[PDB]
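Participant: Pasting in a structure now, in structure tokens, and then I'll have a few things to ask.
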Amino acid sequence: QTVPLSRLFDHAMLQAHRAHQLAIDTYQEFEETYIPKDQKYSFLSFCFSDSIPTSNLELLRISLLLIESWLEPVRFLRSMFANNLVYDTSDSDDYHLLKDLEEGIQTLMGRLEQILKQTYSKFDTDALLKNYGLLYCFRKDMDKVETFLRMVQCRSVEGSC
């Protein structure tokens, strides 16, 4: 057996949905815990996803870039949820889920047959407001990924949508 394209899209869409939920859940939990009323949305500081607006190996290509920009910051997500805690390198969060998604996208690309590098700062132990902005962009980027993958799925797998 060879994996149908649909299963491949179904796997990638579930993992994008899950990365996107992770981003939403983390942002919310941060905001509720650390951001007072008077500072809500203070971040408003452009996200990777604000670069390219709105079928293609291209859409898949951007998705891939978006995920890649987060693969390293992501292990540090829970480090902000303590007081003076630095991530101890213990199992590559359950959040290298992005590595799963990454490879799932690179698999979809080789089925469907770069001058500027865009990398995110690392999360911190100002710092609060940076971490806030970073969580905002992780959420915006993951929404974009899920979006661009759906567009591709629909056009590539008939009846999908």
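Just so you know, the numbers here start at 1 and follow the chain as drawn.
Even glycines carry a Cβ here, placed using N, Cα and C.
If you look up Swiss-Prot, you'll see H17, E146 marked as Zn(2+) binding site. Among the features that Swiss-Prot reports, disulfide bond is placed at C47-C137, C154-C161.
Buried or exposed, and what's around them? Tell me for each listed feature.
Facilitator: For the recorded site, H17 (Zn(2+) binding site), the DSSP three-state label reads helix.
Around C137 (disulfide bond), the C-beta neighbours below 8 angstroms that are at least 6 residues distant in the chain are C47, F48, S49, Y120.
Under DSSP, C161 (disulfide bond) is assigned to coil, being neither helix nor strand in the three-state scheme.
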Participant: Within 10 Å of the Cβ of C47 (disulfide bond), how many other Cβ atoms can you find? Include all protein chains, please.
Facilitator: 19
Participant: Hey, does DSSP put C47 (disulfide bond) in a helix, a strand, or just coil?
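Facilitator: Looking at the DSSP assignment, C47 (disulfide bond) belongs to neither helix nor strand, so coil.
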Participant: Between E146 (Zn(2+) binding site) and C154 (disulfide bond), how far is it from one CA atom to the other, in Å?
Facilitator: 12
Participant: Hey, how far is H17 (Zn(2+) binding site) from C154 (disulfide bond), Cα to Cα, in Å?
Facilitator: 16
Participant: Which one of these disulfide-bonded residues, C154, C161, has the sparsest Cβ neighbourhood, judged by other Cβ atoms within 10 angstroms?
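Facilitator: Least crowded of the disulfide-bonded residues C154, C161, by Cβ count within 10 Å, is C161.
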